[PDB]
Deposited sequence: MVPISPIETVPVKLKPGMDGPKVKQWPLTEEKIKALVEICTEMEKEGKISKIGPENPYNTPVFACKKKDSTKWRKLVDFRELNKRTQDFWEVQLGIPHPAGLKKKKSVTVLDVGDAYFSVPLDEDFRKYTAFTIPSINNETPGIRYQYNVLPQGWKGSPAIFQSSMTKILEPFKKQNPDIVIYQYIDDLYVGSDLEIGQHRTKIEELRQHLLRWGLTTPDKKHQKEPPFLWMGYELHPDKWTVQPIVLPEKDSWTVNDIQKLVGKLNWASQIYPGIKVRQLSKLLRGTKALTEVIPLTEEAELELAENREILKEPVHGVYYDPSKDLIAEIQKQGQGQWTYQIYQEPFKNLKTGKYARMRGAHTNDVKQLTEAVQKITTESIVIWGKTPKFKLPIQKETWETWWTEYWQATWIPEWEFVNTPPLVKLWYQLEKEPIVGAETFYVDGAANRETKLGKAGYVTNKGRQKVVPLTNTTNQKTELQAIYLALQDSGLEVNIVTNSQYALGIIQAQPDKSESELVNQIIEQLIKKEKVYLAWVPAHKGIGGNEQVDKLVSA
């Protein structure tokens, strides 16, 4: 009751509410009028604007919400259960009518005005408001700060109304202490059920079953339909993403591959055998429940990483072997061209960010890569990157680069001169090349851009070459793509080029400026342009 009130004002430049009155039928009026008059009589409540009446057998506002001082959110993040320390005793106390106890400010008491089709002004903080959670949480933590200051050994979490209190004192001692917590909350005019109405483990918080010694995801149900629509597939993939946090080995890429190219949410699309195998394996792994473990401050975090294929990675953060704390998957496709080392880098940095926000400290990785491969990748790459601290685990498949470009030219190998000139308008291109030994070739192409012909001229040269070859290109695009050393791409042409480059035992590339008459590159212009 004697709680300090946070002042609140409306948005500068406008006024408060302007919604008109909302008369309705007389059937639903009294059923709300009596209870409203009762809560007015209790004393918690006691100007052209007014609020329309909402009857449920509840006050709603949108103009006010849009014309209110903006606030700063108090709980933006949700505590993942993996980071909670192993508390021996846990108790839940659900405060009731919490928003009734929190008062309102003198200025805003005038603005809050509800009139039934009798008018009252809120002398307490209303519900369903934009500012309600921040104000209520601030008041609640102000109330609870003296108790935590006086008692350090207990741990208390406040989520909206519910409060979860953990302790290492004995069961009788824990009940004793929770009694003074109840009394302290009652002193500040906040209700709390006695020991008869208190909840028992497992506690179902935000989709998590919580125990004194283990955590688990709430029972996840998968749809079982002979045919699947768009919304059913989306619900599926969402539930699989949600459930991946504790069940190892779940892949959802194939299922997601169906959602493309369509926009209608009521359409029906037949599956594919790859998606059928995905579903079968997902159901097989989801058949039996698994449980996490609670963190211990004195143990060393370890986060292994494993590969699935086509750009899926799984990880299992744990401290004691065969006792997990968290699992997850990474499948984002960043960039139109990438290889496995870059994706391993992205997965490692994502894991570090999650472990920092959840546990506060970076774990010791165990990557499926060799030291020499990493070293040779980082030193020879244009960008800068650092993997914190990792050891080597020999669990195939491993990560390695397929084709290594050579720094120096090759003796005894042919030297191709490739280019390509495609008209922007007629969509007709020509990919040709010549060789130092006299071999010449030219190929017409239909419906290609001015870069496609130049890109697959290298493909022509590689296809018509031997194991050792030197190639001269006059476009920076293809040179950059090939030097990036990709393993996959959006377009299949780059995949063909990669397949050719893997076969060659030694390949060398070289850029040459164009449209100047430089060397033999001027010769292929006569073959490809006219």
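Asker: Counting from 1 along the deposited sequence, which stretches lack C-alpha positions?
Answerer: Unmodelled stretches, in sequence order: 1-4, 51-55, 67-75, 136-143.
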